[PDB]
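Below you'll find only one chain, the form deposited in one PDB entry, shown as structure tokens.
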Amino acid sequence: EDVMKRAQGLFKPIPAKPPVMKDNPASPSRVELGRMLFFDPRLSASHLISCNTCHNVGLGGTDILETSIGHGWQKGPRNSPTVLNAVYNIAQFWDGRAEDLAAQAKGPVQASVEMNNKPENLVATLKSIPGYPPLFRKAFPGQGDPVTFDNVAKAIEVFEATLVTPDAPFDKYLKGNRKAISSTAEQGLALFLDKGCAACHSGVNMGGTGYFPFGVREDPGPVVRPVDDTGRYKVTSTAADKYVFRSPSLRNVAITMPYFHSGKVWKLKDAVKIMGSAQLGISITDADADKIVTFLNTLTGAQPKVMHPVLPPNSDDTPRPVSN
């Protein structure tokens, strides 16, 4: 009431309807093409890794590993964040280095430790699969050559735009139903507010809104915060950016373990205590941390129900997989 209203002041429920991307209108055809591409492992050089591998729609849009493993079984430096609701973040990646989903999508396609593919190889492959060119024409009509690395990224973005998780019990709560979360969950909300967590995890996505040092008050240590990953410093070369990362969206945080960009903290409860100490210079008690987790559990929304695409088959001209 006091606390319901305070909450309504800082957060917003996820909308039912996908957001509108600029310079990228959705249409059943464009959305459908992006779904196909999201699950097509032929976007990787090896023909074995899809977006779904590291952002599994079945497992909260993530891979439940410390750090993602891709081409050659190589591990990356970072935990894979969820694609769910990612559309409502202000920029993409832990260091915000991509401005939106379309710019983001080009990254994993070319990264040597993810899909390890090159644009020319991907385009050659897509044009050699006879069912794809017609789908790119329905998706991108009035273009003489619709099969381009840019249109892949565009198709994927409007598909991701549909990957939202409305109707979490907390969104029902924000919409005026007090009974939608438990007493305990409400007390966890009150702790979350009073302790200062919403400074950095607020708005429609409970996070995703800005960049902050990981360690405002204490260094979280060389395991939780690998000294080599200076976050936004590698993007801007600005000293003030060292160890600065985007605050994540806490939506669906209960099912996207492990936690932090390093993926080294498996227990959400430990994540809560580390936030208290590292960001706010406090020791949150065990009881208190438990109440905040209970609150954080009500941020899990309805998971998208995604039909696995039936992908168009190779032709004989399809490029060969590349595994080395």
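The first residue of the shown sequence is 1; numbering continues from there. Residues that one form lacks are left out of the comparison. Superpose the two forms; the largest set of C-alphas matching within 1.5 Å is the rigid core.
We do not show the form deposited in another entry, though everything after this point is about it.
The only C-alpha among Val123, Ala103, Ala254, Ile90 that moves by 2 Å or more between this form and the one not shown, given a superposition on the rigid core, is that of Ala103. In this overlay on the rigid core, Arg232 has a C-alpha that sits 2 Å or more away from its partner position between this form and the one not shown. Core-superposed comparison between this form and the one not shown: CA of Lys195 displaced by less than 2 Å. Put the two forms on the same core and the Cα of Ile282 is off by 2 Å or more between this form and the one not shown. Here's the thing about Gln104 and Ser128: their CA atoms end up at least 3 Å farther apart in the other form than they are in this form. In the other form, the CA atoms of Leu84 and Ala102 move apart by 3 angstroms or more relative to this form. For residues common to both forms, superposing the rigid core between this form and the one not shown reveals consecutive runs of 3 or more with all Cα shifts of 2 angstroms or more at 68-76, 95-117, 215-221, 227-243, 278-283.
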